[PDB]
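Enquirer: Dropping in protein02.cif, with mmCIF, N, CA and C atoms.
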```
data_protein
loop_
_atom_site.label_atom_id
_atom_site.label_comp_id
_atom_site.auth_asym_id
_atom_site.auth_seq_id
_atom_site.Cartn_x
_atom_site.Cartn_y
_atom_site.Cartn_z
N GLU A 21 -3.36 -8.02 -4.76
CA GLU A 21 -2.39 -8.58 -5.75
C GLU A 21 -1.56 -7.52 -6.45
N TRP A 22 -2.07 -6.30 -6.61
CA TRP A 22 -1.18 -5.22 -7.01
C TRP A 22 -0.17 -4.98 -5.88
N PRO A 23 1.01 -4.47 -6.23
CA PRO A 23 1.98 -4.28 -5.17
C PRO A 23 1.58 -3.12 -4.27
N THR A 24 2.05 -3.15 -3.04
CA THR A 24 1.79 -2.05 -2.13
C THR A 24 2.95 -1.10 -2.28
N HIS A 25 2.69 0.14 -2.61
CA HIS A 25 3.73 1.10 -2.87
C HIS A 25 3.99 2.00 -1.68
N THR A 26 5.26 2.26 -1.39
CA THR A 26 5.62 3.13 -0.29
C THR A 26 5.50 4.55 -0.77
N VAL A 27 4.72 5.39 -0.10
CA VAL A 27 4.57 6.81 -0.48
C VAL A 27 5.41 7.67 0.47
N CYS A 28 5.31 7.40 1.78
CA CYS A 28 6.07 8.10 2.81
C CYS A 28 6.56 7.10 3.80
N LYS A 29 7.80 7.24 4.24
CA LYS A 29 8.31 6.48 5.38
C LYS A 29 9.41 7.33 6.03
N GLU A 30 9.02 8.10 7.05
CA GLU A 30 9.96 8.90 7.82
C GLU A 30 9.70 8.67 9.29
N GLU A 31 10.50 9.27 10.16
CA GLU A 31 10.56 8.81 11.55
C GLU A 31 9.16 8.50 12.08
N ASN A 32 8.25 9.46 11.97
CA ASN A 32 6.99 9.34 12.65
C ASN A 32 5.77 9.34 11.72
N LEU A 33 6.01 9.03 10.44
CA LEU A 33 4.95 9.06 9.43
C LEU A 33 5.18 8.05 8.35
N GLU A 34 4.19 7.21 8.10
CA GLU A 34 4.29 6.22 7.03
C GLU A 34 2.99 6.20 6.31
N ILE A 35 3.09 6.13 4.97
CA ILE A 35 1.91 6.08 4.09
C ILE A 35 2.18 5.13 2.90
N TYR A 36 1.27 4.19 2.66
CA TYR A 36 1.40 3.20 1.59
C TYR A 36 0.10 3.20 0.82
N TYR A 37 0.13 2.80 -0.45
CA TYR A 37 -1.14 2.59 -1.17
C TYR A 37 -1.06 1.28 -1.97
N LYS A 38 -2.24 0.68 -2.19
CA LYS A 38 -2.43 -0.43 -3.10
C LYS A 38 -3.67 -0.16 -3.90
N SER A 39 -3.58 -0.29 -5.22
CA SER A 39 -4.76 -0.21 -6.07
C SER A 39 -5.72 -1.35 -5.77
N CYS A 40 -6.98 -1.04 -5.61
CA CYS A 40 -8.04 -2.04 -5.53
C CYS A 40 -8.84 -2.13 -6.85
N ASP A 41 -8.36 -1.52 -7.93
CA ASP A 41 -8.98 -1.70 -9.24
C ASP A 41 -8.31 -2.92 -9.83
N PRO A 42 -9.06 -4.00 -10.10
CA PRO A 42 -8.36 -5.21 -10.59
C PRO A 42 -7.74 -5.05 -11.96
N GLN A 43 -8.22 -4.10 -12.75
CA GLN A 43 -7.67 -3.88 -14.09
C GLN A 43 -6.25 -3.32 -14.06
N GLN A 44 -5.95 -2.41 -13.12
CA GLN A 44 -4.63 -1.74 -13.14
C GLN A 44 -4.15 -1.09 -11.84
N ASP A 45 -2.84 -0.85 -11.84
CA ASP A 45 -2.15 -0.03 -10.85
C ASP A 45 -2.11 1.42 -11.37
N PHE A 46 -1.53 2.31 -10.57
CA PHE A 46 -1.35 3.71 -10.95
C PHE A 46 -0.16 4.23 -10.15
N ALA A 47 0.33 5.40 -10.55
CA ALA A 47 1.51 6.02 -9.94
C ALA A 47 1.02 7.15 -9.05
N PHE A 48 1.62 7.34 -7.88
CA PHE A 48 1.19 8.38 -6.94
C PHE A 48 2.34 8.75 -6.05
N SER A 49 2.58 10.04 -5.88
CA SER A 49 3.63 10.52 -4.97
C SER A 49 3.13 11.74 -4.24
N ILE A 50 3.64 11.99 -3.04
CA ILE A 50 3.33 13.21 -2.29
C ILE A 50 4.64 14.01 -2.19
N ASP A 51 4.60 15.30 -2.56
CA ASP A 51 5.83 16.11 -2.63
C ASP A 51 6.51 16.33 -1.27
N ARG A 52 5.69 16.56 -0.23
CA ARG A 52 6.14 16.69 1.15
C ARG A 52 5.18 15.95 2.11
N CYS A 53 5.67 14.83 2.61
CA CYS A 53 4.88 13.93 3.42
C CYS A 53 4.26 14.61 4.65
N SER A 54 5.02 15.42 5.37
CA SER A 54 4.50 16.05 6.58
C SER A 54 3.31 17.01 6.30
N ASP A 55 3.10 17.42 5.04
CA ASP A 55 1.93 18.24 4.72
C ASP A 55 0.62 17.49 4.89
N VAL A 56 0.63 16.17 4.87
CA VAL A 56 -0.60 15.40 5.07
C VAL A 56 -1.28 15.77 6.39
N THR A 57 -0.51 16.19 7.40
CA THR A 57 -1.09 16.57 8.69
C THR A 57 -1.98 17.82 8.61
N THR A 58 -1.80 18.63 7.58
CA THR A 58 -2.57 19.86 7.40
C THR A 58 -3.83 19.60 6.54
N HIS A 59 -3.98 18.36 6.07
CA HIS A 59 -5.11 17.97 5.24
C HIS A 59 -5.14 18.62 3.82
N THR A 60 -4.22 19.55 3.53
CA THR A 60 -3.94 19.93 2.14
C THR A 60 -2.46 19.67 1.78
N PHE A 61 -2.21 18.92 0.72
CA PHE A 61 -0.86 18.56 0.35
C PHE A 61 -0.82 18.36 -1.15
N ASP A 62 0.37 18.53 -1.70
CA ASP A 62 0.58 18.43 -3.14
C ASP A 62 0.96 17.00 -3.52
N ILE A 63 0.35 16.52 -4.60
CA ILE A 63 0.64 15.19 -5.15
C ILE A 63 1.00 15.24 -6.64
N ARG A 64 1.58 14.15 -7.10
CA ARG A 64 1.71 13.85 -8.50
C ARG A 64 1.07 12.49 -8.67
N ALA A 65 0.27 12.35 -9.71
CA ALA A 65 -0.40 11.07 -9.95
C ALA A 65 -0.56 10.81 -11.46
N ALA A 66 -0.52 9.55 -11.85
CA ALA A 66 -0.64 9.17 -13.25
C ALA A 66 -1.38 7.84 -13.43
N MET A 67 -2.27 7.79 -14.40
CA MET A 67 -2.94 6.52 -14.65
C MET A 67 -3.48 6.51 -16.06
N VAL A 68 -3.66 5.32 -16.62
CA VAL A 68 -4.38 5.16 -17.89
C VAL A 68 -5.87 5.12 -17.54
N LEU A 69 -6.66 5.92 -18.22
CA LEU A 69 -8.09 5.92 -18.05
C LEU A 69 -8.67 4.76 -18.87
N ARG A 70 -9.37 3.84 -18.21
CA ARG A 70 -9.96 2.68 -18.89
C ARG A 70 -11.47 2.83 -19.05
N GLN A 71 -12.03 3.93 -18.56
CA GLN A 71 -13.48 4.15 -18.59
C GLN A 71 -13.74 5.56 -19.05
N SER A 72 -14.93 5.82 -19.59
CA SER A 72 -15.41 7.16 -19.82
C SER A 72 -15.48 7.90 -18.48
N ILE A 73 -15.19 9.20 -18.51
CA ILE A 73 -15.41 10.05 -17.32
C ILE A 73 -16.38 11.20 -17.59
N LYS A 74 -17.37 10.93 -18.43
CA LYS A 74 -18.39 11.94 -18.76
C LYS A 74 -18.88 12.57 -17.43
N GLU A 75 -19.11 11.70 -16.45
CA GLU A 75 -19.26 12.11 -15.08
C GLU A 75 -18.15 11.43 -14.30
N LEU A 76 -17.55 12.14 -13.33
CA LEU A 76 -16.55 11.56 -12.42
C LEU A 76 -16.87 11.93 -10.98
N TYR A 77 -16.93 10.91 -10.13
CA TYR A 77 -17.35 11.04 -8.73
C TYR A 77 -16.28 10.48 -7.88
N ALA A 78 -16.03 11.10 -6.74
CA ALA A 78 -15.10 10.48 -5.82
C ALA A 78 -15.84 10.11 -4.56
N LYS A 79 -15.47 8.96 -3.98
CA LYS A 79 -15.99 8.56 -2.71
C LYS A 79 -14.79 8.24 -1.86
N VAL A 80 -14.72 8.88 -0.70
CA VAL A 80 -13.58 8.77 0.21
C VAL A 80 -14.10 8.28 1.57
N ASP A 81 -13.49 7.21 2.07
CA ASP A 81 -13.90 6.51 3.29
C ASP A 81 -12.73 6.48 4.30
N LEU A 82 -12.99 6.81 5.56
CA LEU A 82 -11.97 6.76 6.62
C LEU A 82 -12.30 5.53 7.38
N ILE A 83 -11.33 4.62 7.47
CA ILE A 83 -11.55 3.34 8.07
C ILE A 83 -10.54 3.16 9.22
N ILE A 84 -11.05 2.82 10.40
CA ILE A 84 -10.30 2.79 11.63
C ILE A 84 -10.74 1.49 12.30
N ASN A 85 -9.79 0.59 12.53
CA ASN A 85 -10.06 -0.73 13.10
C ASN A 85 -11.13 -1.52 12.34
N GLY A 86 -11.03 -1.52 11.01
CA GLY A 86 -11.99 -2.23 10.16
C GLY A 86 -13.34 -1.53 9.98
N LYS A 87 -13.57 -0.43 10.72
CA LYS A 87 -14.84 0.31 10.65
C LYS A 87 -14.78 1.57 9.80
N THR A 88 -15.73 1.72 8.90
CA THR A 88 -15.86 2.95 8.17
C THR A 88 -16.50 3.96 9.07
N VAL A 89 -15.72 4.94 9.52
CA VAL A 89 -16.19 5.94 10.47
C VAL A 89 -16.69 7.22 9.80
N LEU A 90 -16.28 7.43 8.56
CA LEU A 90 -16.64 8.60 7.80
C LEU A 90 -16.54 8.30 6.32
N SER A 91 -17.50 8.82 5.58
CA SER A 91 -17.48 8.64 4.16
C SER A 91 -18.05 9.87 3.52
N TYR A 92 -17.42 10.34 2.45
CA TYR A 92 -17.97 11.49 1.72
C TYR A 92 -17.78 11.33 0.24
N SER A 93 -18.59 12.06 -0.52
CA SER A 93 -18.66 11.93 -1.94
C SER A 93 -18.56 13.30 -2.50
N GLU A 94 -17.82 13.44 -3.58
CA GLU A 94 -17.61 14.73 -4.23
C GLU A 94 -17.77 14.49 -5.74
N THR A 95 -18.43 15.40 -6.44
CA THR A 95 -18.48 15.38 -7.91
C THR A 95 -17.27 16.17 -8.48
N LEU A 96 -16.51 15.48 -9.31
CA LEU A 96 -15.34 16.06 -9.94
C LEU A 96 -15.66 16.58 -11.35
N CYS A 97 -16.45 15.82 -12.11
CA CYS A 97 -16.80 16.16 -13.47
C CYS A 97 -18.28 15.89 -13.68
N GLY A 98 -18.93 16.77 -14.42
CA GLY A 98 -20.26 16.52 -14.87
C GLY A 98 -20.84 17.73 -15.53
N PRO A 99 -22.03 17.60 -16.11
CA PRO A 99 -22.63 18.78 -16.74
C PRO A 99 -22.77 19.92 -15.73
N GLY A 100 -22.17 21.07 -15.96
CA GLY A 100 -22.26 22.19 -14.99
C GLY A 100 -21.59 22.00 -13.63
N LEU A 101 -20.79 20.93 -13.49
CA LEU A 101 -20.17 20.59 -12.19
C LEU A 101 -18.71 20.24 -12.35
N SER A 102 -18.05 20.69 -13.41
CA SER A 102 -16.66 20.26 -13.63
C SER A 102 -15.56 21.11 -12.93
N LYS A 103 -14.78 20.44 -12.09
CA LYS A 103 -13.84 21.09 -11.18
C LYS A 103 -12.41 21.00 -11.68
N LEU A 104 -12.12 20.05 -12.57
CA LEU A 104 -10.76 19.82 -13.07
C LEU A 104 -10.66 20.04 -14.59
N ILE A 105 -9.59 20.68 -15.06
CA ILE A 105 -9.43 20.98 -16.49
C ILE A 105 -9.43 19.69 -17.34
N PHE A 106 -8.91 18.61 -16.74
CA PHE A 106 -8.85 17.33 -17.43
C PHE A 106 -10.22 16.57 -17.50
N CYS A 107 -11.28 17.10 -16.88
CA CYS A 107 -12.60 16.58 -17.22
C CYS A 107 -12.71 16.53 -18.74
N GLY A 108 -13.41 15.53 -19.26
CA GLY A 108 -13.61 15.52 -20.72
C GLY A 108 -12.59 14.70 -21.47
N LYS A 109 -11.56 14.24 -20.77
CA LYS A 109 -10.59 13.32 -21.34
C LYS A 109 -11.30 12.05 -21.79
N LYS A 110 -10.88 11.51 -22.91
CA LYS A 110 -11.46 10.29 -23.45
C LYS A 110 -10.93 9.00 -22.80
N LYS A 111 -11.75 7.96 -22.89
CA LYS A 111 -11.34 6.61 -22.54
C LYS A 111 -10.05 6.29 -23.31
N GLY A 112 -9.06 5.74 -22.59
CA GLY A 112 -7.76 5.38 -23.17
C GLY A 112 -6.67 6.43 -22.99
N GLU A 113 -7.02 7.63 -22.55
CA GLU A 113 -5.99 8.64 -22.35
C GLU A 113 -5.13 8.36 -21.13
N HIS A 114 -3.88 8.79 -21.18
CA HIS A 114 -3.01 8.73 -19.99
C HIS A 114 -3.25 10.01 -19.23
N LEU A 115 -3.72 9.89 -18.01
CA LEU A 115 -4.05 11.03 -17.19
C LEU A 115 -2.87 11.38 -16.24
N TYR A 116 -2.55 12.68 -16.14
CA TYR A 116 -1.54 13.21 -15.22
C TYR A 116 -2.11 14.33 -14.41
N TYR A 117 -1.99 14.23 -13.08
CA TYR A 117 -2.39 15.30 -12.21
C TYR A 117 -1.19 15.68 -11.37
N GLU A 118 -0.89 16.97 -11.33
CA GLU A 118 0.07 17.49 -10.38
C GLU A 118 -0.56 18.67 -9.72
N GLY A 119 -0.69 18.64 -8.41
CA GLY A 119 -1.34 19.73 -7.72
C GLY A 119 -1.88 19.36 -6.37
N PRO A 120 -2.62 20.29 -5.74
CA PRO A 120 -3.10 20.08 -4.40
C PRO A 120 -4.24 19.06 -4.32
N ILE A 121 -4.36 18.46 -3.14
CA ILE A 121 -5.42 17.51 -2.77
C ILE A 121 -5.85 18.05 -1.41
N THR A 122 -7.15 18.21 -1.20
CA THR A 122 -7.68 18.61 0.09
C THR A 122 -8.73 17.57 0.49
N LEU A 123 -8.49 16.86 1.57
CA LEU A 123 -9.42 15.86 2.05
C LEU A 123 -10.39 16.51 3.01
N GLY A 124 -11.68 16.25 2.81
CA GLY A 124 -12.72 16.83 3.63
C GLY A 124 -12.94 16.14 4.96
N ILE A 125 -11.86 15.82 5.66
CA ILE A 125 -11.96 15.24 6.97
C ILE A 125 -11.60 16.33 7.96
N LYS A 126 -12.49 16.55 8.93
CA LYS A 126 -12.32 17.64 9.90
C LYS A 126 -11.14 17.42 10.85
N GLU A 127 -11.26 16.50 11.79
CA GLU A 127 -10.16 16.19 12.67
C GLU A 127 -9.35 15.17 11.90
N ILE A 128 -8.30 15.67 11.22
CA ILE A 128 -7.34 14.83 10.50
C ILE A 128 -6.78 13.81 11.49
N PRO A 129 -6.90 12.50 11.17
CA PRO A 129 -6.66 11.54 12.24
C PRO A 129 -5.16 11.30 12.58
N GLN A 130 -4.91 11.07 13.86
CA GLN A 130 -3.64 10.56 14.34
C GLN A 130 -3.72 9.03 14.24
N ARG A 131 -2.71 8.34 14.76
CA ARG A 131 -2.79 6.89 14.94
C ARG A 131 -2.68 6.15 13.58
N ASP A 132 -3.23 4.93 13.54
CA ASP A 132 -3.23 4.10 12.35
C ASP A 132 -4.62 4.09 11.72
N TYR A 133 -4.66 4.39 10.43
CA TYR A 133 -5.93 4.40 9.72
C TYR A 133 -5.75 4.21 8.25
N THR A 134 -6.88 3.96 7.59
CA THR A 134 -6.94 3.75 6.18
C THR A 134 -7.90 4.77 5.52
N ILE A 135 -7.49 5.31 4.39
CA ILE A 135 -8.35 6.08 3.53
C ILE A 135 -8.50 5.30 2.24
N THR A 136 -9.74 4.92 1.94
CA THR A 136 -10.06 4.31 0.65
C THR A 136 -10.69 5.38 -0.21
N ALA A 137 -10.20 5.47 -1.44
CA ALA A 137 -10.69 6.46 -2.40
C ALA A 137 -11.09 5.71 -3.64
N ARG A 138 -12.31 5.93 -4.12
CA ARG A 138 -12.78 5.32 -5.33
C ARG A 138 -13.33 6.41 -6.24
N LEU A 139 -12.87 6.41 -7.48
CA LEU A 139 -13.43 7.25 -8.53
C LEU A 139 -14.35 6.39 -9.39
N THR A 140 -15.57 6.89 -9.64
CA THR A 140 -16.52 6.20 -10.46
C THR A 140 -17.09 7.15 -11.49
N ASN A 141 -17.71 6.59 -12.52
CA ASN A 141 -18.20 7.41 -13.63
C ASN A 141 -19.73 7.48 -13.69
N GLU A 142 -20.25 7.98 -14.81
CA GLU A 142 -21.70 8.03 -15.07
C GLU A 142 -22.40 6.67 -14.96
N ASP A 143 -21.64 5.59 -15.16
CA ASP A 143 -22.20 4.24 -15.15
C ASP A 143 -21.89 3.50 -13.84
N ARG A 144 -21.49 4.25 -12.82
CA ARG A 144 -21.02 3.70 -11.54
C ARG A 144 -19.79 2.77 -11.68
N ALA A 145 -19.15 2.81 -12.85
CA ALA A 145 -17.96 1.99 -13.13
C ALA A 145 -16.74 2.60 -12.45
N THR A 146 -15.86 1.73 -11.94
CA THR A 146 -14.66 2.14 -11.21
C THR A 146 -13.59 2.64 -12.19
N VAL A 147 -13.20 3.89 -12.01
CA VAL A 147 -12.16 4.53 -12.81
C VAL A 147 -10.81 4.37 -12.11
N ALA A 148 -10.83 4.42 -10.78
CA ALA A 148 -9.64 4.18 -9.96
C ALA A 148 -10.05 3.82 -8.54
N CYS A 149 -9.21 3.09 -7.85
CA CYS A 149 -9.57 2.70 -6.51
C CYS A 149 -8.30 2.49 -5.77
N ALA A 150 -8.12 3.12 -4.61
CA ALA A 150 -6.95 2.75 -3.79
C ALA A 150 -7.25 2.72 -2.30
N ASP A 151 -6.55 1.84 -1.60
CA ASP A 151 -6.43 1.89 -0.14
C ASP A 151 -5.14 2.56 0.26
N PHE A 152 -5.25 3.68 0.97
CA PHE A 152 -4.12 4.37 1.55
C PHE A 152 -3.97 3.97 3.02
N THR A 153 -2.88 3.28 3.35
CA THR A 153 -2.60 2.94 4.74
C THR A 153 -1.74 4.06 5.37
N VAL A 154 -2.17 4.57 6.51
CA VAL A 154 -1.47 5.66 7.16
C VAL A 154 -1.08 5.32 8.60
N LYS A 155 0.17 5.63 8.94
CA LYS A 155 0.70 5.54 10.28
C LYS A 155 1.28 6.89 10.65
N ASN A 156 0.50 7.67 11.39
CA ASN A 156 0.80 9.06 11.63
C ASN A 156 1.03 9.28 13.12
N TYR A 157 2.30 9.35 13.51
CA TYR A 157 2.68 9.61 14.90
C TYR A 157 3.42 10.96 15.07
N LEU A 158 3.31 11.83 14.06
CA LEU A 158 4.00 13.14 14.05
C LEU A 158 3.66 13.97 15.31
#
```
Take the structure I supplied and represent it as structure tokens, if you would.
Expert:
Amino acid sequence: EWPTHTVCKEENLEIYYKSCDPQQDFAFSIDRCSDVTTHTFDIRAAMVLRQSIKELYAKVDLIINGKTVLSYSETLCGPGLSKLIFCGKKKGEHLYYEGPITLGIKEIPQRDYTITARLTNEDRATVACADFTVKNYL
């Protein structure tokens, strides 16, 4: 029900996202779309934080033909485990990230696939959730 946003659409590469958090949408852009093929690329992203992030966890799933073929989890914030300066932001803050994203997928996939990313907190509550649809024929 959130709108599907176009992130990239060029000759041989298309990327769209839709928030799967029922509370809200968020803003997301990639500075250079073709960098996604290198698995490190720069983004800009913005969202209102609706949950505490005392702990922040990411879970990233690669889905190909309806099947989750790979899933990994990374700790972003926590006691002795904080990776981002914005760890520690309070519930209700407007969060802005500009910078690199590195996905821990080895053979960065060709073809059509989905990356689902969910951020959760100390209470397993969803802080953000998106489905990224990718069409990569580069």
Enquirer: Which residues would end up in the selection if the PyMOL selection byres ((chain A and resi 55-61) around 5) were applied here, given that I need the answer as a ChimeraX atom specification?
Expert: /A:52-54,62-63,120-123
Enquirer: Quick one: DSSP strand (DSSP E or B) residues in chain A, as an NGL selection string?
Expert: :A and (25-30 or 33-39 or 47-50 or 60-68 or 76-84 or 87-97 or 114-122 or 131-141 or 146-156)
Enquirer: Could you tell me which residues the PyMOL selection byres ((chain A and resi 152) around 5) returns for this structure, as a list in words?
Expert: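 Taken on the displayed file, the PyMOL selection byres ((chain A and resi 152) around 5) yields the residues residues 36, 37, 134, 135, 136, 150, 151, 153 and 154 of chain A.
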Enquirer: Can you tell me, as JSON, the centre and edge lengths (Å, one decimal) of the axis-aligned box enclosing all of range 112-121 of chain A's listed atoms after padding each side by 4 Å?
Expert:
```
{"center_x": -4.5, "center_y": 12.8, "center_z": -12.3, "size_x": 17.1, "size_y": 22.9, "size_z": 29.8}
```
Enquirer: On this file, the PyMOL selection byres ((chain A and resi 45) around 7) gives some set of residues; write that set as a ChimeraX atom specification.
Expert: /A:22,39,41-44,46-47,66-68
Enquirer: Pull N, CA and C atoms from the residues just selected and write them as a PDB file, in the frame of the given file.
Expert:
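Just written: out.pdb:
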```pdb
ATOM      1  N   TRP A  22      -2.070  -6.300  -6.610  1.00  0.00           N
ATOM      2  CA  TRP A  22      -1.180  -5.220  -7.010  1.00  0.00           C
ATOM      3  C   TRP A  22      -0.170  -4.980  -5.880  1.00  0.00           C
ATOM      4  N   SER A  39      -3.580  -0.290  -5.220  1.00  0.00           N
ATOM      5  CA  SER A  39      -4.760  -0.210  -6.070  1.00  0.00           C
ATOM      6  C   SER A  39      -5.720  -1.350  -5.770  1.00  0.00           C
ATOM      7  N   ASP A  41      -8.360  -1.520  -7.930  1.00  0.00           N
ATOM      8  CA  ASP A  41      -8.980  -1.700  -9.240  1.00  0.00           C
ATOM      9  C   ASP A  41      -8.310  -2.920  -9.830  1.00  0.00           C
ATOM     10  N   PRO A  42      -9.060  -4.000 -10.100  1.00  0.00           N
ATOM     11  CA  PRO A  42      -8.360  -5.210 -10.590  1.00  0.00           C
ATOM     12  C   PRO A  42      -7.740  -5.050 -11.960  1.00  0.00           C
ATOM     13  N   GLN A  43      -8.220  -4.100 -12.750  1.00  0.00           N
ATOM     14  CA  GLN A  43      -7.670  -3.880 -14.090  1.00  0.00           C
ATOM     15  C   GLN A  43      -6.250  -3.320 -14.060  1.00  0.00           C
ATOM     16  N   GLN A  44      -5.950  -2.410 -13.120  1.00  0.00           N
ATOM     17  CA  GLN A  44      -4.630  -1.740 -13.140  1.00  0.00           C
ATOM     18  C   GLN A  44      -4.150  -1.090 -11.840  1.00  0.00           C
ATOM     19  N   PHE A  46      -1.530   2.310 -10.570  1.00  0.00           N
ATOM     20  CA  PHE A  46      -1.350   3.710 -10.950  1.00  0.00           C
ATOM     21  C   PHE A  46      -0.160   4.230 -10.150  1.00  0.00           C
ATOM     22  N   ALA A  47       0.330   5.400 -10.550  1.00  0.00           N
ATOM     23  CA  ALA A  47       1.510   6.020  -9.940  1.00  0.00           C
ATOM     24  C   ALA A  47       1.020   7.150  -9.050  1.00  0.00           C
ATOM     25  N   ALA A  66      -0.520   9.550 -11.850  1.00  0.00           N
ATOM     26  CA  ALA A  66      -0.640   9.170 -13.250  1.00  0.00           C
ATOM     27  C   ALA A  66      -1.380   7.840 -13.430  1.00  0.00           C
ATOM     28  N   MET A  67      -2.270   7.790 -14.400  1.00  0.00           N
ATOM     29  CA  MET A  67      -2.940   6.520 -14.650  1.00  0.00           C
ATOM     30  C   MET A  67      -3.480   6.510 -16.060  1.00  0.00           C
ATOM     31  N   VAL A  68      -3.660   5.320 -16.620  1.00  0.00           N
ATOM     32  CA  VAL A  68      -4.380   5.160 -17.890  1.00  0.00           C
ATOM     33  C   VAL A  68      -5.870   5.120 -17.540  1.00  0.00           C
TER      34      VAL A  68
END
```
Enquirer: Might you pull out every residue within 5 Å of range 82-85 of chain A, with only N, CA and C atoms counted and same-chain residues fewer than 3 positions away left off, and present them as a compact mmCIF listing (two decimals) with N, CA and C atoms, in the frame of the given file?
Expert:
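Final file, out_1.txt:
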```
# COMPACT_ATOMS: atom_id res chain seq x y z
N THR A 88 -15.73 1.72 8.90
CA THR A 88 -15.86 2.95 8.17
C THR A 88 -16.50 3.96 9.07
N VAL A 89 -15.72 4.94 9.52
CA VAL A 89 -16.19 5.94 10.47
C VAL A 89 -16.69 7.22 9.80
N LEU A 90 -16.28 7.43 8.56
CA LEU A 90 -16.64 8.60 7.80
C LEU A 90 -16.54 8.30 6.32
N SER A 91 -17.50 8.82 5.58
CA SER A 91 -17.48 8.64 4.16
C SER A 91 -18.05 9.87 3.52
N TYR A 133 -4.66 4.39 10.43
CA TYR A 133 -5.93 4.40 9.72
C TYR A 133 -5.75 4.21 8.25
N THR A 134 -6.88 3.96 7.59
CA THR A 134 -6.94 3.75 6.18
C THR A 134 -7.90 4.77 5.52
N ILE A 135 -7.49 5.31 4.39
CA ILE A 135 -8.35 6.08 3.53
C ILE A 135 -8.50 5.30 2.24
```
Enquirer: Given the choices A:158, A:65, A:148, A:125, which gets closest to residue 31 in chain A if the distance is worked out from all atoms listed in the file?
Expert: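 Of A:158, A:65, A:148, A:125, the one nearest residue 31 in chain A is A:158, counting all atoms listed in the file.
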Enquirer: Nearest residue to residue 34 in chain A out of A:132, A:102, A:155, A:109, using only N, CA and C atoms?
Expert: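 Answer, going by the shortest atom-to-atom distance: A:155.
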Enquirer: Please, what distance in Å, to one decimal, runs between CA of residue 76 in chain A and CA of residue 28 in chain A?
Expert: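 Distance reported for this atom pair: 27.5 Å.
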Enquirer: Please determine, counting only N, CA and C atoms, which residue among A:95, A:48, A:40, A:74 has the shortest atom-to-atom distance to residue 26 in chain A.
Expert: A:48
Enquirer: Give the answer as one residue: which of A:149, A:81, A:103, A:32 has the shortest atom-to-atom distance to residue 131 in chain A, using only C-alpha atoms?
Expert: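 Among the listed residues, the smallest separation from residue 131 in chain A belongs to A:32.
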Enquirer: What is the distance, in Å and to one decimal place, between CA of residue 96 in chain A and CA of residue 77 in chain A?
Expert: 5.5 Å
Enquirer: Closest to residue 80 in chain A among A:105, A:64, A:92, A:126, using only C-alpha atoms?
Expert: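 Answer, going by the shortest atom-to-atom distance: A:92.
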Enquirer: Distance atom N of residue 147 in chain A-atom C of residue 29 in chain A, one decimal place?
Expert: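 Computing the Euclidean distance for atom N of residue 147 in chain A and atom C of residue 29 in chain A yields 29.1 Å.
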Enquirer: I'd like the neighbourhood of residue 23 in chain A as a PyMOL selection string, where a residue qualifies if any of its atoms comes within 8 Å (using only C-alpha atoms), though same-chain residues fewer than 2 positions away should be ignored.
Expert: chain A and resi 21+25+38-39
Enquirer: Restricting it to N, CA and C atoms, dump the selection as a tab-separated table (two decimals), in the frame of the given file.
Expert:
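Saved file part19.tsv follows:
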```tsv
chain	number	residue	atom	x	y	z
A	21	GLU	N	-3.36	-8.02	-4.76
A	21	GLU	CA	-2.39	-8.58	-5.75
A	21	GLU	C	-1.56	-7.52	-6.45
A	25	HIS	N	2.69	0.14	-2.61
A	25	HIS	CA	3.73	1.10	-2.87
A	25	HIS	C	3.99	2.00	-1.68
A	38	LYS	N	-2.24	0.68	-2.19
A	38	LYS	CA	-2.43	-0.43	-3.10
A	38	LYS	C	-3.67	-0.16	-3.90
A	39	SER	N	-3.58	-0.29	-5.22
A	39	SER	CA	-4.76	-0.21	-6.07
A	39	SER	C	-5.72	-1.35	-5.77
```
Enquirer: Atoms are missing here; could range 121-127 of chain A be completed with N, CA, C and O atoms and written as a PDB file, keeping the file's coordinate frame?
Expert:
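Contents of rebuild07.pdb, freshly written:
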```
ATOM      1  N   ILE A 121      -4.360  18.460  -3.140  1.00  0.00           N
ATOM      2  CA  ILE A 121      -5.420  17.510  -2.770  1.00  0.00           C
ATOM      3  C   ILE A 121      -5.850  18.050  -1.410  1.00  0.00           C
ATOM      4  O   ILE A 121      -5.003  18.315  -0.555  1.00  0.00           O
ATOM      5  N   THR A 122      -7.150  18.210  -1.200  1.00  0.00           N
ATOM      6  CA  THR A 122      -7.680  18.610   0.090  1.00  0.00           C
ATOM      7  C   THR A 122      -8.730  17.570   0.490  1.00  0.00           C
ATOM      8  O   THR A 122      -9.744  17.419  -0.189  1.00  0.00           O
ATOM      9  N   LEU A 123      -8.490  16.860   1.570  1.00  0.00           N
ATOM     10  CA  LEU A 123      -9.420  15.860   2.050  1.00  0.00           C
ATOM     11  C   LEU A 123     -10.390  16.510   3.010  1.00  0.00           C
ATOM     12  O   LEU A 123      -9.972  17.219   3.921  1.00  0.00           O
ATOM     13  N   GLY A 124     -11.680  16.250   2.810  1.00  0.00           N
ATOM     14  CA  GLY A 124     -12.720  16.830   3.630  1.00  0.00           C
ATOM     15  C   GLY A 124     -12.940  16.140   4.960  1.00  0.00           C
ATOM     16  O   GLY A 124     -14.081  15.865   5.337  1.00  0.00           O
ATOM     17  N   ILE A 125     -11.860  15.820   5.660  1.00  0.00           N
ATOM     18  CA  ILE A 125     -11.960  15.240   6.970  1.00  0.00           C
ATOM     19  C   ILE A 125     -11.600  16.330   7.960  1.00  0.00           C
ATOM     20  O   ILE A 125     -10.551  16.963   7.845  1.00  0.00           O
ATOM     21  N   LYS A 126     -12.490  16.550   8.930  1.00  0.00           N
ATOM     22  CA  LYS A 126     -12.320  17.640   9.900  1.00  0.00           C
ATOM     23  C   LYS A 126     -11.140  17.420  10.850  1.00  0.00           C
ATOM     24  O   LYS A 126     -10.130  18.115  10.746  1.00  0.00           O
ATOM     25  N   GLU A 127     -11.260  16.500  11.790  1.00  0.00           N
ATOM     26  CA  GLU A 127     -10.160  16.190  12.670  1.00  0.00           C
ATOM     27  C   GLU A 127      -9.350  15.170  11.900  1.00  0.00           C
ATOM     28  O   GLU A 127      -9.697  13.988  11.886  1.00  0.00           O
TER      29      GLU A 127
END
```
